[PDB]
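See below for the structure under consideration.
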Amino acid sequence: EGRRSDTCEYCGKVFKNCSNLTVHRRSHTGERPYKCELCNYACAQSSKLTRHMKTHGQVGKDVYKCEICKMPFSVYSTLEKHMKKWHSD
DNA sequence: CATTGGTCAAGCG
DNA sequence: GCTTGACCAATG
Ligand SMILES: [Mg+2]
Ligand SMILES: [Zn+2]
Ligand SMILES: [Zn+2]
Ligand SMILES: [Zn+2]
């Protein structure tokens, strides 16, 4: 009744924090505006990209790079999952 | 186990 | 008002 402004247009959920509504709505629309520059990860929320970026390497620690596509990883097992997904040959 | 999407709201000035 | 990151349950 005016608070519709703070309400999700797809499921009727009411928010007090308008930014929570913006992010929630993307779970309906599929919009993923935050794009990793180091892989094809994309997400609905700025801080998820920040969290994701930590999987590409930390400052003081060592980094494992895919020999084929040059992608960097902080965790070797995550590189091997990448190897099997993207370089099956 | 590492990593994720959806959620929540403390804290900032 | 908004950014931020912790929480939780889920995935592989
Ligand atoms: Mg953050
Ligand atoms: Zn909704
Ligand atoms: Zn990435
Ligand atoms: Zn690669």
Side-chain angles (χ1 to χ4, degrees), chain A residues 2-57 60 63-66 68-83 85-88:
Chain A
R3 66 146 75 77
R4 305 231 199 255
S5 210
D6 293 355
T7 302
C8 179
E9 311 80 0
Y10 296 82
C11 74
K13 175 169 186 188
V14 176
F15 293 81
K16 312 192 222 61
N17 182 331
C18 310
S19 307
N20 283 346
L21 167 58
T22 299
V23 167
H24 163 76
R25 193 193 283 119
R26 300 187 175 126
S27 76
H28 302 289
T29 66
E31 174 189 35
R32 291 174 292 148
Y34 300 93
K35 319 276 188 201
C36 195
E37 296 191 40
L38 296 188
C39 77
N40 76 322
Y41 180 81
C43 60
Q45 187 184 7
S46 61
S47 68
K48 292 286 191 296
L49 182 55
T50 298
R51 185 184 73 175
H52 165 80
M53 276 289 302
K54 282 174 213 162
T55 71
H56 287 297
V63 175
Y64 312 88
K65 311 215 191 121
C66 181
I68 292 176
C69 75
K70 317 307 176 179
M71 188 171 299
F73 293 86
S74 56
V75 175
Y76 194 75
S77 80
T78 300
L79 176 45
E80 307 261 311
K81 177 179 300 215
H82 161 96
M83 301 291 259
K85 191 206 209 169
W86 288 99
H87 306 307
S88 53

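Quick note on labels: first sequence line is chain A, next is B, and so on, each numbered from 1. We use all heavy atoms of the structure for the numbers below, so side chains are in, but hydrogens, waters and symmetry mates are not.
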Protein N or O to nucleotides 11-13 of chain B N or O, pairs below 3.5 Å:
none

Could you state the [atom1]-[atom2] distance from [X] to [N], rounded to the nearest angstrom?
X: A/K85; N: B/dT3; atom1: NZ; atom2: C1'; result: 12 Å
X: A/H28; N: B/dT7; atom1: NE2; atom2: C1'; result: 13 Å
X: A/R51; N: B/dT7; atom1: CZ; atom2: P; result: 14 Å
X: A/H52; N: B/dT3; atom1: NE2; atom2: P; result: 10 Å
X: A/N20; N: B/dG6; atom1: CG; atom2: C1'; result: 10 Å
X: A/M53; N: B/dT3; atom1: CE; atom2: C1'; result: 15 Å
X: A/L21; N: C/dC2; atom1: CG; atom2: P; result: 12 Å
X: A/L79; N: B/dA2; atom1: CG; atom2: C1'; result: 14 Å

Counting only heavy atoms and a strict 4.0 angstrom limit, can you tell me which residues of residues 29-50 of chain A come near DNA chain B?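 Of all residues in residues 29-50 of chain A, the ones placing a heavy atom under 4.0 Å from DNA chain B are A/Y41, A/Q45, A/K48.
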Minimum heavy-atom separation for A/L49 to A/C43, with atom names?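 For A/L49 and A/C43, the tightest heavy-atom pair comes out as N-SG, 3.5 Å.
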Under 4.0 Å from OP1 or OP2 of B/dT7: is there any side-chain N or O of A/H24 that close?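 Affirmative; the distance criterion is met.
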Does A/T55 have a side-chain nitrogen or oxygen under 4.0 Å from the phosphate oxygens OP1 or OP2 of B/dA2?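 A/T55 to B/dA2 OP1/OP2: no side-chain N or O under 4.0 Å.
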Check whether any side-chain heavy atom of A/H56 sits under 4.5 Å from a side-chain heavy atom of A/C36, and report yes or no.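 Sidechains of A/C36 and A/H56: in contact.
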Hey, are the side chains of A/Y10 and A/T29 touching, using non-hydrogen atoms and a 4.5 Å cut-off?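 Side-chain contact under 4.5 Å: yes.
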May I ask you to list the residues sharing a hydrophobic cluster with A/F15, side-chain cutoff 4.5 Å, ordered by chain and number?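 Its cluster partners, ordered by chain and number, are A/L21.
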How many angstroms lie between [atom1] in [X] and [atom2] in [Y], if you round to the nearest 0.5 Å?
X: A/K16; Y: A/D6; atom1: NZ; atom2: CG; answer: 10.0 Å
X: A/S88; Y: A/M83; atom1: OG; atom2: CE; answer: 11.5 Å
X: A/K13; Y: A/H28; atom1: NZ; atom2: NE2; answer: 9.0 Å

For DNA chain C, which residues in residues 8-18 of chain A have a heavy atom at a distance below 4.0 Å?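 Residues of residues 8-18 of chain A under 4.0 Å from DNA chain C: A/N17.
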Begin from the C-alpha positions of A/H87 and A/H82 and carry the test side-chain contact (heavy atoms from CB on, under 4.5 Å) through to its verdict. CA-CA 8 Å; A/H87 306 307; A/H82 161 96; 3.3 Å; yes
What residues, two or more places apart in sequence or in another chain, satisfy side-chain hydrogen bond (donor to acceptor under 3.5 Å, both in side chains) together with A/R26?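 Residues passing side-chain hydrogen bond (donor to acceptor under 3.5 Å, both in side chains) with A/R26: A/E31.
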Does one hydrophobic cluster hold both A/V23 and A/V14, with members joined at side-chain heavy-atom distances below 4.5 Å?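 Hydrophobic grouping puts A/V23 apart from A/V14.
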Those residues that, when tested against A/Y41, pass ring-ring contact (aromatic ring centres under 6.0 Å, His included) (two or more places apart):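 A/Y41 satisfies ring-ring contact (aromatic ring centres under 6.0 Å, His included) with A/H52 only.
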